[PDB]
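Sequences listed follow chains A and G, in order.
Just remember that PDB author numbering sits 14 ahead of the position in the first sequence, which is counted from 1.
Just remember that PDB author numbering sits 21 ahead of the position in the second sequence, which is counted from 1.
To keep things clear, I will list the structure first and then write my remarks on it.
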Amino acid sequence: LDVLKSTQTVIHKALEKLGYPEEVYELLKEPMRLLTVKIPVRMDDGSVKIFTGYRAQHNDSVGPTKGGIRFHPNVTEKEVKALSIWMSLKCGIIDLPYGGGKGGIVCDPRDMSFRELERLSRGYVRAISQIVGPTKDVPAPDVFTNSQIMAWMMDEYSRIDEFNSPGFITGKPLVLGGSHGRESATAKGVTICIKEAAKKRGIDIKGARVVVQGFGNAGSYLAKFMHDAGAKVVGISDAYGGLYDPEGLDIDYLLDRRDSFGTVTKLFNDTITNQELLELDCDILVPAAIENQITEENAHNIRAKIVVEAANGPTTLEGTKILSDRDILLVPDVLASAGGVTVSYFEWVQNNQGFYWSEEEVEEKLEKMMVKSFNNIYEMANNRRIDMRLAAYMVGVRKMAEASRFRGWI
Amino acid sequence: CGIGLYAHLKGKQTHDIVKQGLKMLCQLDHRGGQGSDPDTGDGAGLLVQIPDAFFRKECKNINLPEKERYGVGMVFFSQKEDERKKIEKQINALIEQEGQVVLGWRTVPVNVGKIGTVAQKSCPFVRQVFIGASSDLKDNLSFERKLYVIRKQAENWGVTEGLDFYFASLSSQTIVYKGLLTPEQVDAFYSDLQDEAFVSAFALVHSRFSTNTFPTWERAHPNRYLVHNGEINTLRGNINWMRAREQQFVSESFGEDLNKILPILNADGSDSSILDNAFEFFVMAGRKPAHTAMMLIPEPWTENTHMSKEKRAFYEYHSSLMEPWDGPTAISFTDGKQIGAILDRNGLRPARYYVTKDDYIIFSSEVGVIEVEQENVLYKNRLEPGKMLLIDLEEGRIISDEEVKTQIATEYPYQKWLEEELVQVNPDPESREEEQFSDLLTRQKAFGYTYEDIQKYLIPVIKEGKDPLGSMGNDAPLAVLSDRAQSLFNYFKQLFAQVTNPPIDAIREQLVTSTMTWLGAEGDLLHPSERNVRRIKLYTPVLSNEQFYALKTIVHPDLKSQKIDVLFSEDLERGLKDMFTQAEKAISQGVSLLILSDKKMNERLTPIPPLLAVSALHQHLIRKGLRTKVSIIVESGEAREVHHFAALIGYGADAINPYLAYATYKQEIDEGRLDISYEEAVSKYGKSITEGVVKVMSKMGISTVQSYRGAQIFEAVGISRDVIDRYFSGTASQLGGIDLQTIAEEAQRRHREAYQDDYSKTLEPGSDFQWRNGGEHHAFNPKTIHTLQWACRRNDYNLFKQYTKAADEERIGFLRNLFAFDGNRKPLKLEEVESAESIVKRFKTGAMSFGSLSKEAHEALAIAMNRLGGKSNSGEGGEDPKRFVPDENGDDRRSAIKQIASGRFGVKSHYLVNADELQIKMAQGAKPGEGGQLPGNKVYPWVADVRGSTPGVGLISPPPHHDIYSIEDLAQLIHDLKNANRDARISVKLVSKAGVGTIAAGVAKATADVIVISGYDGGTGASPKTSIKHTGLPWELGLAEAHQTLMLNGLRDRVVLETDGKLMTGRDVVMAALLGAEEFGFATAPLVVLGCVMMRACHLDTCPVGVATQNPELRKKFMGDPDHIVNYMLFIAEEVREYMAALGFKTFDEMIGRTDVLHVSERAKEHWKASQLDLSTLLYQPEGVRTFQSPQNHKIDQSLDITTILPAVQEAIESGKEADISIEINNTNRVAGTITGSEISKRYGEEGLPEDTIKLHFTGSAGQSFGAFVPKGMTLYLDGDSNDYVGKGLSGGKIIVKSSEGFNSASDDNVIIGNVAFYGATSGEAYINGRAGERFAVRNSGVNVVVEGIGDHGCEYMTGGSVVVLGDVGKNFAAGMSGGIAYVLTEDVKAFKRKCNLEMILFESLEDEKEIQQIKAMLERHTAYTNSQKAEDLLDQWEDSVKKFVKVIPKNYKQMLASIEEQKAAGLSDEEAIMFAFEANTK
Ligand SMILES: Cc1cc2nc3c(=O)[nH]c(=O)nc-3n(C[C@H](O)[C@H](O)[C@H](O)COP(=O)(O)O)c2cc1C
Ligand code: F3S
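Here it is, written out as structure tokens:
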């Protein structure tokens, strides 16, 4: 309910700090093209139910738009617009040629079936094919969406445009023309960011104590990368608890025994709750778990020098203020979790070029982009006495506002 | 019983090896028992290579080709000739059409007269068939494949015809002889063996035990290829999975021969035959024998940190395509030119083998099987678990297991395949939604929830991290008899292992467990590559809401998902058929995961019982050969107990999503109770349910969830035979019972009531584990309780009669209430029948744990029963020796029944000799397949002193008897106890179960005088609640089956059956007697007489009446009196006598077994579902004798003890004078010393004699359980090597074991003791000059030992004493060690850290001067008595040795010792200091 107002307020703060007039705020508060469509669908029983669609292009002054698609049964226009603005901020921070956007459908993948999902996606594309194209829009994977849906969308856009357009949609399967490393992008991004933050703060990465709560694919890949680099992991947690060992935890063995879900806790052994896990001694803390964990009570108990919010807004304003007062570096989530967007951009570039890179090349390009962006934001945040979240928002809005001013819409 | 082989490594052949193998079999014979007559052969056979020399010399009419280019067959025929020649022609036709040329046929001469009567009667005819080789068959592997094809086709044709014939073996390198023969009879019978023309490389052998007295020639092994030991507990799920994969096997080596070989296993065959069939198919498929053996019997690959990465990947890959075959087993297979030997994943059988300078490996069960030159013996090793003893005749070397395993693992890139092809289903963290229905109460009532169930089963799980406990085991009537509507789950009772296999533990043996579950579709087993492993794998069977939604939302084309509505309207058959149609349509489309959901259920659609639906789907899928292509996930609301969970997994469910339980937790958290967060609560519930599932698995012994998944380990009680065959095929049911229509009516009634529910918004209180007025009826209602108490206290007979009437009539409580007398006979006067004094001598009090009860209550029970003249009992908690002397007032607190439980707490020479009878607690009614836990808080000093443990230390009683790994070991223990107390009667305690008749027959053959059948209705001090409710069966079925089986086998006149469990009335006593009881046990009723109010809080140790609490404050409130118990027993006897007058029976043995006087009451017919039961099984009397007359002749005579030792030692023992003798002992002599120890203890007592009074010498191999129950003052110099269970139950004295005199190699590095040593001992010394076996010093409780290395699981459950290991140590050392010390020598400290189990042990380095001096003195005595070079070198280098030693001590033991030492230094008395330290520790 408050997501749109919060986004507008933070955008207003960033614009005020920049010093641009109010015309840029007036233009950027609201997405420039919101479309609501109704998608007919045929169920297995033969009955027809109508799903409500959505699509929002926050801005396209920079160039082609981009956004994900969530099959979340509570998706609404306010959430869609807020997510479009958020994606635009991500693109601005990473310095991509994207403007920003988001789509969604009001449905329930749980009760929905396989062929019915196929037909739903196909009807969605038939509905919104007019305002979507290689130079106008670019769907991407998101909540309740993955490679099969990407492939169906690609196949249908090929059918409707009568010519192959692999670069039309990102996140495709490898055989269809996908990009390698699509699953470890977030882990690689957070690895680069933690490395650079440690370098800037003087904390030696060699022997650095690390805690990774939340052991999904992101946590597993981050732990593996930290172990490869040299830093020791002194804590892991998952849905079934956690562990603790000041002198390493055999990340190789943990990954070898890693199951489908990433659960690692023993059966007949006591576990440590995340609340006490946060308090354990460590140099860097990486909350990548349920949101609203760092608050006033645990702000005084946190001990890590560097906190990276790989998740979406795991902290709160009070916790951010307390950490800033304590002089604990806080990495914004907008920069922490941009690996997915960066790898999607690389996939789009590969499709457009028609030639596919390799894992090493993707690694090098991704790390270069991440280090450059992090260095720029760190320099700006130290030049101006502000919080890193404010610096991230300000940097993200700078490119969009300046491009709009050049293009003369204002 | 056992196995054996005498192989020459280099390949040279002679008749000497065959003769030595026959001698080995003859020596092994002694292990088995006696059947109907000693001449009968329970089963034995011998295996050799093809004797081409003898064949060419003898046949004289076959042009035998070269060695490898033909095969030899062995066929068993009936006595008739028409079918013989018909089958001969048909086999020739098979060979001709397959293209091979038949060389001819031969008849084996046989000596029929050299055989016992039964085997002579069943003597089948033998003919050997010679097969030819065509030029196309270049390779002997192809030749063997064609021979296997021919054999399987012939077997298929035979079974189709219905004839009775068997192929003993058909191979080009193995010919097998076997039958119902004793080894001394085999040579005479098979006159071929006597010829001096045989030349073989190896000679495998085996002797069976034949649990039942009716075996057949075919069943007895050696099988076609391998010899098998023990039993397989997964042989139903095994067969189901194998039949499922049968339809889908495809390969190129067999071509189209799979159609011919479609039946790959014998359904009617036993475990050994089934294993041989499957193994032979796998190895013929194109895999190496070692590779397929490793595939079938894997090591513990999950939870083990001592395994290499290549091995872990190997086993992870193979577990994904083929399940493990758990159970006690010692495989020893062959393939003509290669040999192997394996133990199960837990190593539950002994295997010790020799090596000589002439390359003569002697692998056998025991050590002294044959005479060997100690100057030529080279290695004395043990086949440790997870180690492959592999031999290759052509190479003539013992190929090392490490390199075999390494190269097998590296043959393929399994690590890369696992790393790459695994599928990730990482859920979205932003897709969270705490689901709610808004009809929580309605759904809960529909699925049968109760407020009692919630508040007593769900909150306690979260609070305690484990399943909640209980006491006073279930007494409610069965679901089939209960009038109240009950879910289908209550009809199914869990099962457990009694004999032929131990119930393995879980918490302490976590390294062996494996909870990995695979979801998806298996690939081509015969040619597997990456698609067998492109599957989802889970860590726990249970699932959370987020996980379930992720699985459903996965849209990968290979891993599809389908949802099937498991609901019905009127016709259950229509519903099941429709569900099958959806399933098969989805499979045709290509799905791999099925979701059975009970959601979307309204007043018009009701849910099928999830167990029934899952079983029907699984059976249909298995029958149609598509189960391997799908994965059945189940989402049913009625899933909240570990019992329901285990039933679902066992009968097919891939995963469970207790959405109803999760919603209930959400509602409670929203309300405010259970303050813990929702996610933490969900995780804790999942972990607890997985722990419970592991516990249920451990009860049976299946250590793998994957194996248990196929395994059907439930016994329906009240389901019709037709329904069982249709949907639950393979399940055991005795009485038939309700039908599908009745089940549907019950479900519809429950659903309609729940969805009506138009009066209140509350859940009716449950009555499963407590009594609430208007709820489910219970046996002990307050009316019965206080009527019984009043009658007993008043000595009034009318009140007792009213109590009996109330307890028996007005309801259906048990099966025995459905029996009624005919009423038309000749009554006899009360003065003409046997008397009450004669009645009361056949009663028992049942085992009563001293820890569970109070001293006052226990002494009252004992005094009452002893005064009455019956037989009291003492629980597993031992007994203070002060009770063995009558008091001045005449009271006698001595217990006539001394119990020998798994703990072996108070087992001692005095404690055993001062007794009248001995029991062996194989299991109890409540917690059969589980042990116990007595934490520091509940173990008081006045209990610890009696139980021989430190005060305030949490004791652990292992579930299984570590001395009982099979019926042979049970017989050995029975003999040991009889030798310990020649003047007592041995007893065993079983529980009613399917096959209990077979187990009883086996026990009777094992020569147990008395068998006790205890129903699950019996009580218990503490046990898990689901184990209370859903374990065991009523004792009526067990007693009936045992009596029928025993008296059919002919051994019923050699044992004395008994009964106990809710024997509350003389009517119950008469029912038991008619069913075939002889003596009865009353435990729950005496407690009620004494003052117990059935409050069900014994586990809490807070009894308000002070009957089962150790607190002195509560004990002061006790009010019992032995007079009340005497009155109760007298009233029971008088009522029984009145019924004897009514029935006109003159004497006990005259009435016993007269089941013809029983007929079903009309009330059973009136009952709406109980009328569908079939009672002819219990109402049936085969001809025979029905009373104990024979004395159950033991073999105490002719023992070396009585023959030689005692006759020259009576004077020494009686005069207290020193005496020395030397004796030659062979493996046949089993115990060798327990008799002298018992004599010493009886003559003197606990004090014993001065140190080193009797110095017995010994030489050569010793027998099993050598030197058991040796008291203080004795000394057994055993200058040789021994067998298992050395020093069992030691109670003082020394035991010195040194290698042979002619053995010059590293005796400190060659094993010299069996698996288990010093089990349950209390105090003594020991000096072993060599490595020990697996589970060394299992329950040491004060015995100091010195060993040079030990096996695995060593020092498992120590509670005192000390151990000094001068060498390496196996994995999982000190698993559960709650006391004592272990000065373990080691060099690689970190490797020792990793090997040890870190749960409950703290490590140090020696700093105490007293500790150093004690170790130095122990090593000095060790060297002085042994002359060990390792010990001498350690003494020389003491300076380095003190630094290199490592000390291990538990935290609680260390803290208690420190506190008591501090108090003693302060200067307080021992008792007060102990009490103060205990209070401080357990505040
Ligand atoms: C409080 C209590 C404790 C028991 N403890 C043991 C025990 O430690 N070992 C055992 O074998 N049976 C134990 N039992 C079971 C009885 O000894 C006996 O085997 C039988 O179950 C009693 O049946 P009943 O309820 O008709 O008296 C116990 C029973 C009760 C009620
Ligand atoms: S059930 Fe147990 S707690 Fe006391 S009242 Fe009876 S002995």
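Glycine residues also receive a C-beta, built at the ideal position from the N, C-alpha and C atoms.
Which residues in chain A sit within 8 Å of residue i, going by Cβ to Cβ distance?
i: G:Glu712; result: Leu281, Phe282
i: G:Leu559; result: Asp273, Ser274, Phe275
What residues are listed by DSSP as bridge partners for residue i?
i: G:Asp1300; result: G:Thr1280, G:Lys1319
i: A:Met408; result: BP columns for A:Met408 are empty, so no partner.
i: A:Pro54; result: A:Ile64
i: A:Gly255; result: A:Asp252
i: G:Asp1081; result: G:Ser1035, G:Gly1102
i: G:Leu461; result: None; G:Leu461 has no bridge partner.
i: G:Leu26; result: G:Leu225, G:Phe384
Quick check: the Cα distance between residue i and residue j, rounded to an integer number of angstroms?
i: G:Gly494; j: A:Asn160; result: 53 Å
i: G:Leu632; j: A:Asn315; result: 50 Å
i: G:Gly491; j: G:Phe790; result: 9 Å
i: A:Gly67; j: G:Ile697; result: 39 Å
i: G:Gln515; j: G:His1051; result: 6 Å
i: G:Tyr961; j: G:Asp1122; result: 12 Å
i: G:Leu1196; j: G:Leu1084; result: 21 Å
i: G:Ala841; j: G:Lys892; result: 30 Å
i: A:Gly262; j: G:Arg793; result: 55 Å
i: G:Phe1497; j: G:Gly1400; result: 20 Å
i: G:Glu877; j: G:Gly1141; result: 8 Å
Could you list which residues in chain A have their beta carbon closer than 7 Å to that of residue i, in chain order?
i: G:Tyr570; result: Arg124
Does any residue of chain A bring its CB to less than 8 Å from the CB of residue i?
i: G:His577; result: yes
i: G:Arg730; result: no
i: residue 1510 of chain G; result: The question about residue 1510 of chain G has no answer here: the residues shown for chain G are numbered 22 through 1504.
i: G:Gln531; result: yes
Which bits of chain A does residue i rub up against, with CB to CB less than 9 Å?
i: G:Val715; result: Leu281, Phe282
Could one say the Cβ of residue i lies closer than 8 Å to chain G's Cβ atoms, at least one of them?
i: A:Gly137; result: no
May I ask whether a heavy atom of ligand 3 can be found less than 7 Å away from the beta carbon of residue i?
i: G:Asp1081; result: The ligand content of the structure shown is limited to ligand 1 and ligand 2, which means ligand 3 is not among them.
Problem - Start-end ranges of the alpha helix (DSSP H) lying completely within the segment 1409-1494 of chain G, minimum 4 residues - result: Counting only runs of 4 or more, we get 1410-1416, 1430-1447, 1450-1457, 1459-1465, 1472-1487.
Practice task
Please specify which runs of the alpha helix (DSSP H), each continuous and at least 4 residues long, are wholly inside the segment 147-172 of chain G, giving them in chain order.
Solution key: Within the segment 147-172 of chain G, no complete alpha helix (DSSP H) run reaches 4 residues.
Exercise for the section: Identify every run of the beta strand (DSSP E) within the segment 633-672 of chain G, keeping only runs that are complete inside it and at least 3 residues long; order them along the chain. Expected result: Counting only unbroken stretches of 3 or more residues, the beta strand (DSSP E) elements lying wholly within the segment 633-672 of chain G are 653-656, in sequence order.
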